[PDB]
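First, one chain by itself: the form solved without the ligand, in structure tokens.
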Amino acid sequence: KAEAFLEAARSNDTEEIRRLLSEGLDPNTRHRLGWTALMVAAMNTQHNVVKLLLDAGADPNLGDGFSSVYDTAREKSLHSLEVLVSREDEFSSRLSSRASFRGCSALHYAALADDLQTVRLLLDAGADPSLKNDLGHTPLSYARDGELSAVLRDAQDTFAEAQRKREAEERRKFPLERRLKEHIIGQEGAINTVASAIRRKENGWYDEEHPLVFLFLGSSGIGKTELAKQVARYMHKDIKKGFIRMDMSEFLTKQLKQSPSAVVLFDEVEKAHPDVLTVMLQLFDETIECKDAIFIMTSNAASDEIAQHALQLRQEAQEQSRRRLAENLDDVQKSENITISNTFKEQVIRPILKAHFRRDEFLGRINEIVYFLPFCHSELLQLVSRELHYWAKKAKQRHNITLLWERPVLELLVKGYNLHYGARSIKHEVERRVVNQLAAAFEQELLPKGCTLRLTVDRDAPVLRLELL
């Protein structure tokens, strides 16, 4: 029973804290009702045991498991009296909120106790001055106006500038990845996989045996191709030269000959003849006069199964994205951790790729498989947005016409997104539901030079119409 640990942590019984620490007792241990030793220690202003836990490696930015006397009385199904007596005796008697305390760091409590020194001790230990409890309150939200608020505020400023510079060096260190994220909506993890692969070869942690080889899986018209030509235009430092596309639905050297290190795409490889797959394979293993090229293939293979659970894929996407910004042998060991995309491919899709491909060999030659996911809402909104500023820009440069809209419009146009045609389904409707109107008006000379138009949504089938000002 480590009841003793927090009982000591509350009353600042330092020596018992030290003894139990030597016994392996975790410094980040909690009460039966959910508050860490550091929380009670910081709340009752026990600076000794606070520093003790803090240098002993106890994490400050942990959140309280306690919510309210009532709520916690329910979660554990107890009489409210028990919970009240517990929290008020064993934690603090100075807290008045009948609101929830769930998610409060020791810094929250430090601010609540109006104790500047325990605050400083926590801040020096890298406590987060912007961490939010389940009510969205920073420890600053709870800080009374005095010296403490300014310290917490400057802590927030520090953390902010840190974040800023972090973004700056993310931009310096992964420039290809930056331009990909800037010029491609959605498809986070895909960008990750590809860019990291290219860096991996260019640094020399891939075999020089063969130029890079990718396989793009998913749905047609959600980024694959423009991801390809984007990669090409970053690499060749030229929008045009550097790209080659082949149609496998149709079935070769001359085109390869003109540029020796270009980016090459093969689409709908589902039914490419083994004869060509064999020439494709031998060349990769390796007349061709081709080195340092990029080989990309696409297929709707396992598309149903990819889409079947893209939730997981995106989760791994932003989390593996978070590793890119962390720089210590620890996040790199976090990089060694078996990734969930590895598990998916093996037990779920490579057998399906093989049951479809017939080669247990072919998968190995390809450096990586890249997964493309169906757009979420925000990404669709961003596509509509993209096309809309395209035409607003063109209008402004050509006729000095300002073109405006709000979120309702975007939300409306998004409804006209159907899967089969993918991203261009938006390219279509904006051209139909808006550019038609623009050209119609301009024809009729209803759109004067230097005017201004607001795109409104009326409902009485919603109607989107122009309105001059």
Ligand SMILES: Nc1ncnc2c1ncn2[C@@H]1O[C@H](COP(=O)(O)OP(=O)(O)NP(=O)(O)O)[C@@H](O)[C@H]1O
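Heads up: residue numbers just count along the shown sequence, starting at 1.
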Per the entry, how many deposited residues between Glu15 and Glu16 lack coordinates? The answer is none
Missing residues of the deposited chain between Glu286 and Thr287 number 4 to 9
Taking the deposited Cα B-factors and averaging over 364 to 372 and over 175 to 183, the higher mean is found in 364 to 372
The stretch carrying the higher mean Cα B factor in the deposited entry, 450 to 458 or 17 to 25, is 17 to 25
Residue set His273, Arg398, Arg120, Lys229, per-entry CA B-factor max assigned to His273
Listed options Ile338, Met235, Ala125, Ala99: highest C-alpha B factor recorded at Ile338
Chain thirds by Cα B factor, record data; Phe216 belongs to the middle
Assert third(CA B-factor, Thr36) within chain per record equals lowest
So, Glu443's CA B-factor, relative to its chain, sits in which third? The lowest
Assert third(CA B-factor, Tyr142) within chain per record equals lowest
Of the three thirds of Cα B-factor ranks in this chain, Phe159 occupies the lowest
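Although it is not shown, the form deposited with the ligand bound is what the next lines describe.
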Only one of 47 to 55, 66 to 74, 437 to 445, 419 to 427 has residues with a heavy atom within 4.5 Å of the ligand in the entry with it bound, and that stretch is 419 to 427
From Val370, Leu383, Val264, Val231: within 4.5 Å of the ligand in the entry with it bound by heavy atoms is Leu383
If we test each of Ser92, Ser86, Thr225, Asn133 for a heavy atom within 4.5 Å of the ligand in the entry with it bound, the one that passes is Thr225
Discussion item. Test of understanding: in the entry with it bound, would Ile185 fall inside 4.5 Å of the ligand by heavy atoms?
Written reply: yes
Query raised in the report: Quick one: does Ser220 come within 4.5 Å of the ligand in the entry with it bound, counting heavy atoms only?
Result: yes
Report task. Mark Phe214 yes when one of its heavy atoms lies within 4.5 Å of a heavy atom of the ligand in the entry with it bound, and no otherwise. Result -> no
| query | Would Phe375 show up as a contact with the ligand in the entry with it bound if we use heavy atoms at 4.5 Å? | reply | yes
